[PDB]
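*Asks:* Next one to model:
(chains A, B, C and D, ligands or ions: 4)
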Amino acid sequence: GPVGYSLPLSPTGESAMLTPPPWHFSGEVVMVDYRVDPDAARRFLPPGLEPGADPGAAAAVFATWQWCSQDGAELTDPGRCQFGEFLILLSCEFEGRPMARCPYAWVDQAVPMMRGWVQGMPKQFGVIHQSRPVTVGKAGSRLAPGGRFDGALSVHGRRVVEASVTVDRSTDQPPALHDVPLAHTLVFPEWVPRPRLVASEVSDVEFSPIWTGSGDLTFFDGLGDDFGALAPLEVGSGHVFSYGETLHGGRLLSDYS
Amino acid sequence: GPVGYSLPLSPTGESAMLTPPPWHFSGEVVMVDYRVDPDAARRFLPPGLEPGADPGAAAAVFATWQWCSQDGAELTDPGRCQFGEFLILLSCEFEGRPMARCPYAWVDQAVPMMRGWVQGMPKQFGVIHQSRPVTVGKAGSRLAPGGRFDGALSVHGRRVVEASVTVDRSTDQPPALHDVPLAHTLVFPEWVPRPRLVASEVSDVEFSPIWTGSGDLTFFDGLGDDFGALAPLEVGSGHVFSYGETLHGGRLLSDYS
Amino acid sequence: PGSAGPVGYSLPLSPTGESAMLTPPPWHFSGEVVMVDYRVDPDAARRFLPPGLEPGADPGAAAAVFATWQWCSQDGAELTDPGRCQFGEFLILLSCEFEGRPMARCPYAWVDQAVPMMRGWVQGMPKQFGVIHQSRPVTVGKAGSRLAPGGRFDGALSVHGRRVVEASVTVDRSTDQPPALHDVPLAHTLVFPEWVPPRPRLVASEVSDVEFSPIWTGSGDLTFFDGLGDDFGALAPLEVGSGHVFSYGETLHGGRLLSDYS
Amino acid sequence: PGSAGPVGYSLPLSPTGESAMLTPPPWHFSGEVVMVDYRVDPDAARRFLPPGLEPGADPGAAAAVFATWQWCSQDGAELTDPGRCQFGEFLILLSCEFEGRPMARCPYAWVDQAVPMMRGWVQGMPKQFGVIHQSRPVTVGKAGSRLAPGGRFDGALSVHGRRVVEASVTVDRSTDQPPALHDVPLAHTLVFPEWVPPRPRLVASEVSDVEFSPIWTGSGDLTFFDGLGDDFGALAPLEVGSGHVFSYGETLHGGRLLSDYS
Ligand SMILES: *[C@H](/C=C/c1c[nH]cn1)C(=O)O
Ligand SMILES: *[C@H](/C=C/c1c[nH]cn1)C(=O)O
Ligand SMILES: *[C@H](/C=C/c1c[nH]cn1)C(=O)O
Ligand SMILES: *[C@H](/C=C/c1c[nH]cn1)C(=O)O
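*Replies:* Residues are numbered from 1 along each chain as shown, chains lettered A, B, ... in the order given. Ligands and ions are numbered 1, 2, ... in the order given. Let me share the structure:
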């Protein structure tokens, strides 16, 4: 019968929407660290994920990505291999080890959206915009002191997050929540009448120099009270950097059995 | 911990991208019946699904839908509750009973796309356009003899299906492939190192009068040789009609155990 | 007859004229409308009326109009490509008069397709780009409303990712009385920026073959939100009146000069 | 000083002028370009040149240009809204001359945002709407190419859901020599359809502060596909030459009249 890594199945397996991992990612990031209500954050952590050594540490992350499979085939079609993303990260721990939980994410392309659910990453669809550094002319900011970079997310036609960073210095210190494993919940609805906690296994994690400065972050109404509970109490430092990793598959943290 | 019918999980369950069934659908359809190579069609049928009593009977279906949950809440936001769809149907049988297999489908909204995979319906993302009947003025066709209606699908910026119907008469005879159960394969990729054949359980199936006439259908390159194998050998009658159903959940046809 | 360079009704010019983005008029329109009548600050509305246009007989009468359209040129060629011949629109209409005759001024319009947007500027309709959603009546199933008493229909406009207008109509009854602001000539201002170091003209859109379906009428609701600036906000509803759901057709031929201010 | 009705640099007019879709120039541009030089049928190209523009010193020189831009007005206000200040573009350029001076003619352009599209017509650039994709260089990870020898960069244009141009560049070396067609004035035709029963003008875009990054150059590949008509197809490549990847900036001030054909 027909085969494939994913739907649609086909006689050769070529029609599948998704390709098997590993997948490579190369992205540009605009990120703001912030303080979240720790009691709100705790309510987004499933069993096994405990509050972070700093329970109120969170981050808002805008990124633009290119991705490809092991053969690099997608790279020659920029429309296929590019997407934009916004996500929230919360600090947590699993068996005493620091991790990050992503309670919310949005992307602007279908393949990444579905692939997110494969990994347990709770992606929905949104419109996501992000400033890009310039090196010539006057219509933008250089990656240099005083450079400003903005991000915005709209969902169903309503503007729900805006962030800004004005950088003042370069460092070699990766932002903490972007340098720990992500712990996701793998679950799909049961169509015919069992969640698993998993971590994304990565290799070849790489950061550019990190441009850091002031951060600004505002949440707006339009995603509901549960999301609103994660709005910043205080906003910290911003960071602008490039990031790469290879995603291989999942490792089980717990199946609650 | 956080809950929900689907991701993202949240403390109240309100953040979930998908709502539990049942879901109601009301749609406008432009459909063309056609002859497919039966040996090509057979290769898209998984174990348990056997060739149709007429193995070469296929259909190309364009539809525009409104949908909602049991509470009707989505109806007040037309941007949330509308989508367009194109799908291929193939005639098959399960345990001697006529059914339809959908080997390929595309939609233009994220919620329906994900919900399709919940049901085993192999939806990907596309750009889908469809003529609408008019009742005033000159810029369109009436639902009346001589009225013409067109459909088009583009995927990743390449035009891959065009269809047309010019209607000549109204009937009370629902198109055969739109009036049998759909048999889907429920399978998700395994992220941490088992397909099921299921049928969609529906109620309250309703057709408007069926406007029927000549059909035209062309496939173009741009989805690969596996899809191309289902191109029409001959094109039959076209149909333009409205359709409603309520989708409740899945029933297991086989888990291959 | 004695033409040299490339030609065309509009840019881009080409040797045959076939490449032009726009076709010459007339253009035919067939649409579905969800409209809400409302009361505007008359003094605010007046400031949007150029010289030559006087306040309407009822200076506070305004309307918010959602429509989805199919259009084509005389030859009908666009109809076979639904992606090319369809667009959604949201308009504000204000009541006014030219030399004693009732007309409507459209101070703001949005559409979701490029050809209509540019063609709007040709006619003086001040179209910008937006995301526009509108309920459609259904006739089978449960996922929507029928054109019948109790039927509800909604419209929403977002611009640059910010929700700026929402309207709703719940219809009670059918009538043969077209809504006043949808049944009078539109008076636009033709002006285009001058690139080489503008002379506006007041024009009316000349139409024929205007046609309405029966009008379904009932309660209206309308809300403006922030995100288009204070000039737009000045036209927000003081009070909201009746809503209407109907189909509309017309043929647009060209402009008739009301004043060139000579 | 003595102004009555509503005002604005462009439609829509408003009491303060704040609602206008377009801002007055100058406008600043900062972009990333993927460009392929190619050989065009010179006789085909000539038919796209209006009176006053002569064939280029090399009449068969043409280029296909993909660019992604950020832009802003003098005050920089648009930069804080990336959705408002970014757009993608695809252009064809043809070599020509005005009174002995090298210039470039743009017979066709597409963009993916409404403000740039309309602003194009203000300047005479014949912009239509399309879907435009372009590779970006990466500096970390494996999912892309570096600006370095061996780096590959692709561009694609689709119009009305049909793929019409694809280009690729694989760079070998860096130079300080800007590609010829990207380093000469653009000569456009200003014309807008007449609504009330056109006078074209040949203009050059006046720019300052033109700036290039180092130019990465290598092999070029370019393919045109059906779906924009035979007039466009006449400009398809006979031969394809070098490709170039670079960053570009300029400030656009207004038009300079080359001929009003008086
Ligand atoms: C979704 C997200 C991938 C990712 C990796 N880091 C951050 N986001 C996908 O495309 O699989
Ligand atoms: C996807 C498809 C639903 C459907 C029902 N009939 C045809 N397509 C979804 O929205 O769940
Ligand atoms: C723009 C708008 C046309 C129109 C006619 N009635 C309402 N709107 C266009 O497409 O020309
Ligand atoms: C349209 C195009 C501007 C431009 C400048 N160089 C290349 N394209 C606009 O946004 O005005």
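*Asks:* Tell me which stretches of chain A form strands.
*Replies:* Shown for chain A, the strands assigned by DSSP state E span residues A:23-35, A:50-51, A:57-69, A:82-94, A:97-107, A:123-125, A:127-130, A:148-155, A:158-171, A:183-186, A:196-207, A:210-219, A:234-254.
*Asks:* Need these in a markdown table (columns: distance to chain C and mean neighbour count).
*Replies:* Quick note: C-beta positions are derived from backbone N, CA and C, even for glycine. Formatted as a markdown table, these follow (distance: least, C-beta to the nearest C-beta, whole Å; neighbours: other C-beta atoms under 10 Å in any protein chain shown):
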| stretch | distance to chain C | mean neighbour count |
| --- | --- | --- |
| strand A:23-35 | 17 | 23 |
| strand A:50-51 | 34 | 16 |
| strand A:57-69 | 14 | 24 |
| strand A:82-94 | 12 | 23 |
| strand A:97-107 | 12 | 22 |
| strand A:123-125 | 13 | 24 |
| strand A:127-130 | 6 | 22 |
| strand A:148-155 | 3 | 24 |
| strand A:158-171 | 5 | 20 |
| strand A:183-186 | 28 | 25 |
| strand A:196-207 | 30 | 17 |
| strand A:210-219 | 13 | 19 |
| strand A:234-254 | 21 | 19 |
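*Asks:* Let me have the ones you listed in TSV, extended by distance to ligand 4.
*Replies:* Shown next, in TSV, are those (distance: least, C-beta to the nearest ligand atom, whole Å):
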stretch	distance to ligand 4
strand A:23-35	23
strand A:50-51	50
strand A:57-69	21
strand A:82-94	21
strand A:97-107	27
strand A:123-125	28
strand A:127-130	17
strand A:148-155	20
strand A:158-171	24
strand A:183-186	41
strand A:196-207	34
strand A:210-219	28
strand A:234-254	26
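*Asks:* Could I get those strands in TSV, plus columns for distance to residue B:93?
*Replies:* Formatted as TSV, the strands of chain A follow (distance: least, C-beta to C-beta, whole Å):
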stretch	distance to residue B:93
strand A:23-35	39
strand A:50-51	53
strand A:57-69	37
strand A:82-94	41
strand A:97-107	40
strand A:123-125	37
strand A:127-130	45
strand A:148-155	43
strand A:158-171	47
strand A:183-186	35
strand A:196-207	37
strand A:210-219	53
strand A:234-254	38
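*Asks:* burial count for residue A:72?
*Replies:* Per other C-beta atoms under 10 Å in any protein chain shown, the neighbour tally for residue A:72 reads 15.
*Asks:* Distance check, it against residue D:163.
*Replies:* 21 Å (C-beta to C-beta, to the nearest Å).
*Asks:* what does residue A:46 give?
*Replies:* For residue A:46 relative to residue D:163 (C-beta to C-beta), the value is 44 Å.
*Asks:* How many residues are close by residue A:71?
*Replies:* 8.
*Asks:* what sits against the closest residue to residue A:55 other than its chain neighbours?
*Replies:* Taking C-beta to C-beta, 6 or more residues apart in numbering or on different chains, and ignoring the residues beside it in sequence, residue A:55 has residue A:38 as its nearest neighbour in space, at 3.8 Å. For residue A:38, the contact set (C-beta atoms under 8 Å, 6 or more residues apart in numbering or on different chains) comprises A:51, A:55-56.
*Asks:* circling back: out of the strands of chain A, nearest to chain D?
*Replies:* Judged by C-beta to the nearest C-beta, the one of the strands of chain A that comes nearest to chain D is strand A:234-254, at 2.2 Å.
*Asks:* Now do that closest one: which elements does it pack against?
*Replies:* With contacts taken as 3 or more C-beta pairs under 8 Å, 6 or more residues apart in numbering or on different chains; DSSP states H and E, strand A:234-254 sits against strand A:23-35, strand A:158-171, strand A:196-207, strand A:210-219.
*Asks:* okay, which residue is most central for chain A?
*Replies:* residue A:87 (4.6 Å; C-alpha atoms, centre = their mean).
*Asks:* Just give me the neighbour total for the residue of chain A found nearest ligand 3.
*Replies:* Using C-beta to the nearest ligand atom, the closest approach of chain A to ligand 3 is made by residue A:157 at 21.5 Å. Number of residues near residue A:157 (other C-beta under 10 Å) recorded here: 22.
*Asks:* In space, what's closest to it - neighbours in sequence excluded?
*Replies:* residue C:158 (3.4 Å).
*Asks:* List the beta-bridge partners for the one you found.
*Replies:* residue C:131, residue C:163 (DSSP bridges).
*Asks:* Enumerate every residue touching the residue of chain A at minimum distance from ligand 1.
*Replies:* Scanning chain A for the residue nearest ligand 1 gives residue A:112, at 3.2 Å (criterion: C-beta to the nearest ligand atom). Neighbouring residues of residue A:112 by C-beta under 8 Å, 6+ apart: A:65, A:67, A:83, A:85, A:123.
*Asks:* got it, and residue A:220?
*Replies:* Contact partners of residue A:220, counting by C-beta under 8 Å, 6+ apart, are A:158-162.
*Asks:* Look up how far ligand 2 lies from it.
*Replies:* Between residue A:220 and ligand 2 the distance is 28 Å, computed by C-beta to the nearest ligand atom, to the nearest Å.
*Asks:* pull the CA atoms of stretch A:98-112 into PDB?
*Replies:* Extracted C-alpha coordinates of stretch A:98-112, given in PDB (Å, rounded to 0.1, in the frame of the first residue of the first chain):
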ATOM      1  CA  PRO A  98      17.300  23.400  33.600                       C
ATOM      2  CA  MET A  99      15.000  23.400  30.600                       C
ATOM      3  CA  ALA A 100      12.600  25.700  28.800                       C
ATOM      4  CA  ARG A 101       8.900  25.200  28.300                       C
ATOM      5  CA  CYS A 102       7.200  26.700  25.300                       C
ATOM      6  CA  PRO A 103       3.600  27.200  26.200                       C
ATOM      7  CA  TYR A 104       2.700  29.100  23.000                       C
ATOM      8  CA  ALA A 105       4.200  29.500  19.500                       C
ATOM      9  CA  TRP A 106       3.000  30.900  16.200                       C
ATOM     10  CA  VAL A 107       4.400  30.400  12.700                       C
ATOM     11  CA  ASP A 108       3.400  31.700   9.200                       C
ATOM     12  CA  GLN A 109       4.000  28.600   7.100                       C
ATOM     13  CA  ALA A 110       2.100  25.200   7.100                       C
ATOM     14  CA  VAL A 111       4.900  22.700   7.000                       C
ATOM     15  CA  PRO A 112       6.600  24.200  10.100                       C
END
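*Asks:* what's the distance between that stretch and the middle of its chain?
*Replies:* 4 Å (C-alpha atoms, centre = their mean, to the nearest Å).
*Asks:* thought residue A:111 was touching residue A:17?
*Replies:* Yes - in this structure residue A:111 lies within contact range of residue A:17 using C-beta atoms under 8 Å: 6.4 Å.
*Asks:* Common neighbours of the two, please.
*Replies:* Contacts common to residue A:111 and residue A:17, judged by C-beta under 8 Å, 6+ apart, are absent.
*Asks:* Residue of the stretch 1-150 of chain A closest to chain D, please.
*Replies:* Closest point on the stretch 1-150 of chain A to chain D, by C-beta to the nearest C-beta, is residue A:137, at 2.1 Å.
*Asks:* wait, what's in contact with that residue?
*Replies:* The neighbours of residue A:137, taking C-beta under 8 Å, 6+ apart as the test, are D:28-31, D:209, D:211, D:248-251.
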